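Undergrad: opening piece of a complex, kept in its complex position:
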Amino acid sequence: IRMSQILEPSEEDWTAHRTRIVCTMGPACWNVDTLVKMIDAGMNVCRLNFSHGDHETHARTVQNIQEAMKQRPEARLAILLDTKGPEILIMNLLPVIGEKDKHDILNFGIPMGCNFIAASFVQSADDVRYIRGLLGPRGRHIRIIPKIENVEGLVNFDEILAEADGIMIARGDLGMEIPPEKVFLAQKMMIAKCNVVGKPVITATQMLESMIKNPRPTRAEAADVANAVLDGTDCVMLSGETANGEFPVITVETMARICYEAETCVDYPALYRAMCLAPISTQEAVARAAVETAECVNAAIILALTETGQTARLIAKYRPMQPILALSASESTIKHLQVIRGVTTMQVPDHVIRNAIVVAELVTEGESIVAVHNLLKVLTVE
Amino acid sequence: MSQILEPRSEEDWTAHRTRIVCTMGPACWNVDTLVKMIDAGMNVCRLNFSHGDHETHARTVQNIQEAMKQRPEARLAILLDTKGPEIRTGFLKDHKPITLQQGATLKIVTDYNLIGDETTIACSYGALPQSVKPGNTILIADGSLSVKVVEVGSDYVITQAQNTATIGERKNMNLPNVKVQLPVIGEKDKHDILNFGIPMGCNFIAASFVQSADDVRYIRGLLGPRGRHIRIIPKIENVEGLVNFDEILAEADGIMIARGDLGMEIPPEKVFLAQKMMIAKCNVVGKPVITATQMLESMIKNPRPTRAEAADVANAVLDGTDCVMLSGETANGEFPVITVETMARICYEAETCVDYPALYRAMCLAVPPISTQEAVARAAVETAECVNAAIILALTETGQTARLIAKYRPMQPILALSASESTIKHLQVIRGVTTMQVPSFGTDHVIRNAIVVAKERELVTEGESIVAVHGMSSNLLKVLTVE
Amino acid sequence: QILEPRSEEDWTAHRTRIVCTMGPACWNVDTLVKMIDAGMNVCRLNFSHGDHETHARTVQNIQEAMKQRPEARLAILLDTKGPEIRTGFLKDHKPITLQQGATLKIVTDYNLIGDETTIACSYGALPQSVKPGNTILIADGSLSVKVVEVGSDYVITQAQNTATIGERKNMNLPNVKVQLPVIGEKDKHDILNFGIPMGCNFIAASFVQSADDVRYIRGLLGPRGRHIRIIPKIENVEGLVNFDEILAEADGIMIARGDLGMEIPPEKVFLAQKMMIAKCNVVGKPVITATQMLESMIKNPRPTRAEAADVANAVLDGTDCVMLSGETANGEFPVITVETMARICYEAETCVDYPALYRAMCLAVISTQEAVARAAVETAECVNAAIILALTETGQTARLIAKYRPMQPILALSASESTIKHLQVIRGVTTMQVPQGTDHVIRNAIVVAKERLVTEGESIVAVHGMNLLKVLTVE
């Protein structure tokens, strides 16, 4: 590799980054016109911060998200409810889900169509079980993403992960609970444990903070974000940068550019062999086979036909160089998938495989395609 | 050191992956003999057209068919082995054998009317003096007499004998390092191909003494649209066939290695190299290879082979042969059935040494830009090991899919499903493959009924894993659980 | 397991080398001694400031610190001033405020006292270098302006953001080559009249833009500066674009991240650092990661999370050295900062897969010397070797082994004073001065490791180039 290749400046290319982007809602990005513009910049998930505001405030946000998707029919934004929880003022030293949090989950989260609950200050697996039970019949389409923000939740992380659907890592908050020289270790460990098990991880806090005021990040900030991507993060999350910042749109597209530059350094063939080293099921074996065949026939796209999302997730876990287009009839599965690195989505009603390749300018005529369902198909665009 | 020594049960040795070709003859003309040979492991019936006529061979075919009616699950392929070019000495005075002294002159003439003596004999090959030059060696009577060419004219050659030997009338002759100018497919061989091979349902033509790709292209042209369901298997028997092997193989559908004949054309210590080289090259492109001649010769008269015979057969299997061939052992021997059992038993012993993971890895490195069909075949073999499948199903019309899987030599049996009767027959020559004919077909119900038939045949138990593959331009890999 | 604090015995044994910048905060001998204890390996003299008299006094303080710590063999690195671009003086020395969208004239007449509308520039070739659309950064990038017009002695620019700037502030010219001598008369004077006589072991050359620059310093050093090694600093696009030709001529590389961030888009600098570290790794040339390391520690006794991660990731990229600048030169906590970096380095070395580092190096790169160095690393892993002995005159044997990043400590044995100092820049190498045959040298070295690194009856791999590999047991 020559250096000149690194220094090359393209709208169509960085738009096709693999890492997913979570943006926090707030006064600065609420508007339909801004949300529509953020979708174009690469927004995948909208976070509702229930630390502030009430049900009336967040309802109008959700309606604005809904109207933003009306202008972008090809987009499917997931909505994530981030709890207040039991929240050295530089404040650190109560139930994880109290009456207020429970009211938010039951009487907003469920009826308003939120796809994820990001639960603040989770300390044990019992917390996740409590939330799971809280959701119950009516909330079965909602996924749980605990936030590891303290020593307790770090200590019980394995059992938290086993119960959870995904994880959010709050680095800034962790750095106030453990020594700063060790947070990078904790972050690496947690992402890797999430990766080996195919569960989405979101890297949160202290991302591009200076962009709240500035239209450009620092060298330090960009590099910090890049290493989260190289650690193996599925998602990167903006907080104040989008909620209260002066450049919400420019921040998202900047984030997309950081992600694209970081995914450049990613060794895809070695990432496959590493996941193979760390017996296995039929569906696991077929997903591996699919990823192998895809590089082998130099596939343009991998089609993951899925109802529950498991097939897409299983393939994404092996981090293929090829884009994964997930095809599903389930509306919530499509929403849950917005948090999975390397996956994009298409809603569908065997004709699906043929009719998808028509919609997909993702392919050229005569290019190879690897479709998967306990089966693996290899096709050529006709 | 004692697991090597334990006696092997019929249940075990009948499950060997290597395929057995048996030559038809008076020793196995009988329908009851043929049925027992099926049970012993016979997969292909060779009809040697060096002897017999269209009537006698047609009768043999009826006997094979009658045998197959007693074994309806067996699908014997029929292979026509051509006579091809033959070179023979002439007659001798009073029909009495002659002794040649070492260092003595022997004139060989092209007048085949010439009744010979110890100083002059005839050759059936009229272009002998235009083929052989001074310094060339001529082998007579299975190389028992060796003579060196000293002088050539238009209708004769003068030779010096290199050893002391006694020869009879009409004995065979070899021309080491000289191309034979006789047609590889003469009017008689053409007649055999067109007027027997096609209408009698022969599946393969094994062409004796192929010396160039032109020879194969000629046979293909000869067969034509009417002979399109027939595969061409050149026999490699001399230097010309060795030198032109890559071109021959590119045109061929499979290869037969005739070791004993090669031994009459090149030095003995080079034949083992040519066999390995040729097997490996066939393996690399997934084209079937048959190792033939000098296999279990001692079993023509003995119920047991020698140590060396069995070691020879074993090493052909370890070299990567698809097929092993019996000739006079089945055709004219006292123990045709026991010889097929012994062959099957040796194959099974040799396949014990086979490291399947290492063979798959060797092949992946061997094949360079690979096709969709091959990549799915690779994946199917790899997936089968990974899920510990009992069986691999190859659904195939042309046989390509099954041939591609077999090429990577999986530890599990390949059950090939086809609607094409000729493809079922062509696959009898492919190592590791068993066959099951199905009606024309939608893939899901075909796999479903295949598991039902495979369950009763004791190939799969309920709960076991199965890999199924269907190829051609959509390709498919499917993993299922036996119900 | 990650919540468990490290003891000093653990973290002091980190393998990454530490360069510390000299300055008033670590001027006194006692502070330098504590910094050695904390893990300082190389002393950077920053020749952007001071003179031959003041820097000589610093060297004498370094030497005095070394008398108290006889085991330390600190290398001294001279960092050239190099080319600088600077804004001019302002009316009444008052700082000026530029409003976004407003035009600013930049003139090449450095005698001009500027205002809100017009400022001077020290770089006379500015109109020759810059074209419409080029960005000019002023005062650590706090002000960005875009070129709109070029003239003979002027450039007309549009303010990209609102900012207040003072007098004589730094300027950057992203994507433009600076047509100033990388080694000017002042730099040459420093190299020849301080670098050589004063016992400097490295020249870190600021703002290297071509291999031409390196060939020049080498030619300048000549026979007399033969014991001195050249470490180009890559700080702009030109150094980047020509990186490979620079590396080929160079003895090592210093990466100036903070300065590169003033020259290229920020998202591309982490990429440049990775690519360059890898390239130095493949040819076994030492690389120093520099600037914006533990900056907040100039004022604070602890680093930020982001700072810790940045240093850790440089180690994980494969850096030989990490460098402190202001943190040791002008900071409130020079000693504590060195300890902290040594600790981060030890924590990051925890995440290193050494068998993978050996295997990847074997696929990336064979000379007799390199083969034996390769065989030595593998053999060391094959037996349960405690340390690797590298007998070397030039330091090459030691470097060739270090390149393969063995899990074992490398003890480098040398009679050469300057080789011992050169190796202070090599990751995973510790050094030992020796006068002696190839067998007598291995003997006394085994006894000195016992009085430190080897228990009774452990395997030891010894390597000697001249090319032998020896496997011994401690007895």
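TA: All right, it came through fine. Numbering: from 1, shown residues only, chains lettered A, B, ... in the order given.
Undergrad: now the strands for the stretch 251-382 of chain A?
TA: Taking DSSP state E, counting those that start in this stretch as the test, the strands found in the stretch 251-382 of chain A are A:301-305, A:324-328, A:343-347, A:368-372, A:375-380.
Undergrad: next, the angle helix B:372-386 makes with the last one.
TA: Here the directions of strand A:375-380 and helix B:372-386 differ by 160 degrees (axes from the mean of the first three to the mean of the last three C-alpha atoms, to 10 degrees).
Undergrad: near chain C, which residues of the stretch 251-382 of chain A are found?
TA: A:254, A:257-258, A:261-262, A:264-265 (C-beta under 8 Å from any C-beta of the partner chain). In short, each C-beta sits where N, CA and C put it, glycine included.
Undergrad: pull the contacting residues for the residue most central in space within chain A.
TA: Using C-alpha atoms, centre = their mean, the residue of chain A that lies closest to the mean C-alpha position is residue A:339, 2.7 Å off. Taking C-beta atoms under 8 Å, 6 or more residues apart in numbering or on different chains, we find residue A:339 in contact with A:20, A:22, A:44-45, A:78, A:116, A:166, A:200, A:202, A:234-235.
Undergrad: residues touching the residue lying closest to it once chain neighbours are set aside, list them.
TA: Spatial nearest neighbour of residue A:339, excluding adjacent residues (C-beta to C-beta, 6 or more residues apart in numbering or on different chains): residue A:200 at 4.4 Å. Contacts for residue A:200 (C-beta under 8 Å, 6+ apart) come out as A:145, A:165-167, A:194, A:234-235, A:339-341.
Undergrad: got TSV for those residues, with distance to residue A:270 too?
TA: TSV is the format used below for these (distance: C-beta to C-beta, whole Å):
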residue	distance to residue A:270
A:145	29
A:165	28
A:166	25
A:167	24
A:194	19
A:234	19
A:235	22
A:339	25
A:340	21
A:341	17
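Undergrad: looking at these, which are in helices?
TA: residue A:194 (DSSP state H).
Undergrad: and the residue of chain A found nearest chain C, what does it touch?
TA: Nearest residue of chain A to chain C (C-beta to the nearest C-beta) works out as residue A:219 at 3.3 Å. Applying C-beta under 8 Å, 6+ apart to residue A:219 gives the contacts C:257-258, C:260-261, C:266, C:269-270, C:292.
Undergrad: onto the same structure, chain D please:
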Amino acid sequence: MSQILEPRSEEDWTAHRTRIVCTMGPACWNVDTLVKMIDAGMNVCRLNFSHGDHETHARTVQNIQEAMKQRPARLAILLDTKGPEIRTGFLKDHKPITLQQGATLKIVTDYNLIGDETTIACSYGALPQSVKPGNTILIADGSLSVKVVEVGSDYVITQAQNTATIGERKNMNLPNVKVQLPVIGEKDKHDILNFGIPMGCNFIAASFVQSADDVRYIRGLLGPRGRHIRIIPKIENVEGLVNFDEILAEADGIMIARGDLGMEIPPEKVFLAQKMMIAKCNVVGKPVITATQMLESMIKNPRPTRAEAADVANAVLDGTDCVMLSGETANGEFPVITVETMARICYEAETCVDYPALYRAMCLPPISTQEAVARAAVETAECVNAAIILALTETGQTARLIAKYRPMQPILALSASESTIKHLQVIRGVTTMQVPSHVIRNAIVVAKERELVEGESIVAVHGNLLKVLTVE
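TA: Alright, chain D goes in next:
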């Protein structure tokens, strides 16, 4: 195919790695042809103590010593014991008998009985206490097979499975039955102690080894005076196979007698036994000799058969250290020509050898220091593309450890020890050079003369040290 079909020069096939053992006898006794066999490829001289007397064998040892004076080549001398033998008795009027298939044949313990077609004697007195109904007895090289139907106190009743004609005092095999006779009897004891030790034999090849006790018995028998002699158990029967692992553990090397194994086990299983045994010797670095049924047709013919050459080739490909000639050199018309042919076959088979695969297979037991250095030396030699490997050794261990990894480059072993030098004539890939007792520079000064190695790289090893030099 062109590369395969090119005639190999004498310069090339002389440089083969596999070692050749030649059996001594009337056809090769004399110094003249013995010298000519040396530079055909003979590495080891086998003395067959089934025949001849001490004076007869002493004249041979003398002829070897004289031949080595004319080629100063260092031939190992191997003493091959007679061991236990089972034999049929004498016959009526000294005339052969033929037995018809299905016919009854009684076999008796009384060796004084002059036999009929109905009854013969056997020299093995424990026959009726060894063999049981259902066992097979093989007579005269497996010419005749009989099955045991009945056993008495001093007789066995059998049924001929085969029509065959047998003469007097023919050999007998008891497939799957242990021969309850001393493997080393008083006569074998006399041969080893009063010929082997005094006449300068380097190896004892022990016929018909059935137990590891047999090996330990010979070792104690040699004691201090025979400590420079190495023991090669021959594996010839089921007991030898069943006890192979512990036999090999006590052995210095192994001789596989295929032809005799084919008389003791089913023929289709011998190739497995040979493959297993060769591999097990390779794993442990102990030399293995492939003996019997090599180039038998060359007793009468100047050329081998297609099948014979291929059998030899696959022994080399299995990983045999040595191939052995028996009657081809002991008797037979073309002893010299047979050695050349053997060397040429070995050279062709060694063309198929995948050397990078062999090193990685041997690498695929927490290894020792000297083993690690030997691996490193093979790894380095390939990396550096060395001309030769120099192995400095007194016990031979360093040379044997290197050869085990089967390097592409020839191993020149250098030793002060006369016995070590001769012990190494049995190690594939090794050639030897005696050193007076630094030594590397003088070895390179002689290697350059022998056209083996200016500018080339050389890997030298001492066992723990490795060196890479470049010749001037």
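Undergrad: revisit the contacts of residue A:219 given that chain D is now included?
TA: C:257-258, C:260-261, C:266, C:269-270, C:292.
Undergrad: quick check: closest non-adjacent residue to it.
TA: Once chain neighbours are set aside, the closest to residue A:219 by C-beta to C-beta, 6+ apart is residue C:261, at 3.3 Å.
Undergrad: how close does that neighbour get to chain B?
TA: Distance, residue C:261 to chain B, using C-beta to the nearest C-beta, to the nearest Å: 43 Å.
Undergrad: tell me the spacing between that residue and chain D.
TA: In terms of C-beta to the nearest C-beta, residue C:261 sits 42 Å off from chain D.
Undergrad: how many neighbouring residues does residue A:133 have?
TA: 9 (other C-beta atoms under 10 Å in any protein chain shown).
Undergrad: can you give the domain ranges for chain A?
TA: For chain A, curated CATH domains gives the domain ranges A:1-17+A:263-382, A:18-85+A:96-262.
Undergrad: and the first one, end to end?
TA: To tie it back to what came earlier, the one meant is domain A:1-17+A:263-382. In domain A:1-17+A:263-382, first residue to last residue: 35 Å (C-alpha to C-alpha, to the nearest Å).
Undergrad: list the contacts of residue A:380.
TA: Contacts for residue A:380 (C-beta under 8 Å, 6+ apart) come out as A:366-369, B:372, B:473.
Undergrad: my read: residue A:39 touches residue A:76, true?
TA: No. Using C-beta atoms under 8 Å, residue A:39 is not in contact with residue A:76, being 10.0 Å away.
Undergrad: neighbour count: those two, which is higher?
TA: Between residue A:39 and residue A:76, residue A:39 has the larger neighbour count (other C-beta under 10 Å), namely 22 against 19.
Undergrad: quick one, what contacts that one?
TA: Residues in contact with residue A:39, defined by C-beta under 8 Å, 6+ apart, are A:68-69, A:72, A:75, A:77.
Undergrad: cool, residue A:225 as well?
TA: A:207-208, A:217, A:236, A:255, A:258-259, A:262.
Undergrad: tell me which two of the contacts of residue A:380 sit farthest apart.
TA: A:367 and B:473 (12.6 Å; C-beta to C-beta).
Undergrad: now for residue A:329, how many residues are close by?
TA: Number of residues near residue A:329 (other C-beta under 10 Å) recorded here: 13.
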